[PDB]
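A single chain, nothing else alongside it, follows as structure tokens in the form deposited in one PDB entry.
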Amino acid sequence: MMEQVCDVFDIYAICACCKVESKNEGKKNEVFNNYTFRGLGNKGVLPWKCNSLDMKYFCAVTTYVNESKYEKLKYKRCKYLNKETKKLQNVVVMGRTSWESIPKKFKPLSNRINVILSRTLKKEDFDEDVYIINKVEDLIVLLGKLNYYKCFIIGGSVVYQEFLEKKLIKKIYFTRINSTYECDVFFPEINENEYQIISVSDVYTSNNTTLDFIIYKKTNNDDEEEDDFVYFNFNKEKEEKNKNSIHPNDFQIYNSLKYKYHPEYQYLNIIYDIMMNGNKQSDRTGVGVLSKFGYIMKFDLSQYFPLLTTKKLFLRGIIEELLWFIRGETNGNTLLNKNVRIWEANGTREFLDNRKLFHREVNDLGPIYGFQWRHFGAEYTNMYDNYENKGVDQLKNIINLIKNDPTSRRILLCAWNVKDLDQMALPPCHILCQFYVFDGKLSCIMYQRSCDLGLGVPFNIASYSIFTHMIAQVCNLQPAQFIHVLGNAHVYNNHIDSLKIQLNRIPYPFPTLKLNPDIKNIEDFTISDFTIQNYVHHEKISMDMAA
């Protein structure tokens, strides 16, 4: 074996990059990739001033050491050097400009061996406890003489550039600041053939922006208490049901990831699980699907808006649909006039007639969502009727319970009115919403009886996450979690190839949802009160590639 320097001395890079203030040539159909995050600094400082969470992360990684693993590293570096026979710290290497950008109260970086690269400055020019080198070679020499855990290259685009040039980086701990700021210095474009992403963290919010942490890796070219584990798995099948028909070589990127902590994976793993272990059925005479029963996804709305990034989604339609529900409408023309066709196919003469709704006007969807939310129990007549003070206004009652009886375990909004099912153009897929209120925070569980993983679910997650924010706001609470429970979860055969593609796309940090803060009544929201910010995403996918 030919030992590479970066491996022997464990030299890593850690940075944080934001999106660059682009010169929008008039194409807000922007293309996104990993290079989207390349902003390092502006006028000597960080483009975003400060970010306490990234700072905390940076400190955590560069100060962490495991003394028990040291002896193994010592033997390795010493053997490599042919050299063989008070707290262990990591080393941090930075350019002079980065060193000078650090406030005096933070210099030198605590509990770490600070190394500074410079030509214009020498040891005499510094008062602090630091090592001044004037070339990369001098670092390798220093490392072969120091007792240290790991070496992190912390900065200066110039510094990053040459260390990557000389191929001295074993891994890149890369922070993705999901927002745009003015920049004048950038991180070098990472050659995808030289570095692959192996892990993606959870997504967070800090200082009014979402962010996540990813790791790039340099590419190709008691134990018996563990044996008991082997035994317990004795009665297993050796391969997953649909392996032969699905083929894993297709999920290359998906399976090459070590840590998949990005929330979008809750959705991706379910798809993968259904594809690999799903039961073959013909949901609706002829179509055909793979299905499973019972899954739960959780999303932290205080930390991000879970709009899928592995593909492109628009939300104007589902938002208008939601406002439409809240208004208690069941008139399909209202949506059609707003160019939203979600319910178009379910309101045609033929569809209604086949539901035996012979006396139902076209686009009159019947006692669905809207009607149940505001008038559950009333006798439905037609979509133009005024159902004032008729039936139960669940929506209003849940808002009142949340305001005056927050700990109640009866705060539910139900659309599944057994008595009206047959009068509905379609029985509802979203059976109910239940709320939980703790320490001024609102969580929501939504139970879905039927789930089209490929086409529907992505939008459903968005709709209810938004709804949770809306209810939270009119009740003076902060949104916490949106919990999605899936009953019959299926993947349509026609969607398989498109989903295979999606699964091999690495998520981007989620976007954020902003509601007009002035709205205080659930009924006063209008389309312009909603804004999805920093939505970074992969190319849109036609789940059904038919032509």
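Note that the rigid core is defined as the largest set of C-alphas that superpose within 1.5 Å between two forms. Start at 1 and count along the sequence shown; that's the residue number.
Keep in mind that the form deposited in another entry is not shown, yet the notes after this line are about it.
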Fill in: Displaced residue between the shown form and the other one, judged on C-alpha after the rigid core is fitted, out of 128, 189, 344, 194 (threshold 2 Å or more)
128
Discussion item. Using a rigid core superposition, assess whether residue 239 undergoes a CA shift of 2 Å or more between the shown form and the other one.
Written reply: yes
Worksheet item: Given a CA distance change of at least 3 Å, are residue 453 and residue 244 closer or farther in the other form?
Response: closer
Item to complete: Say whether the C-alpha atoms of residue 244 and residue 294 sit closer together or farther apart in the other form than in the form shown here, given that their separation changes by 3 Å or more.
Response: closer
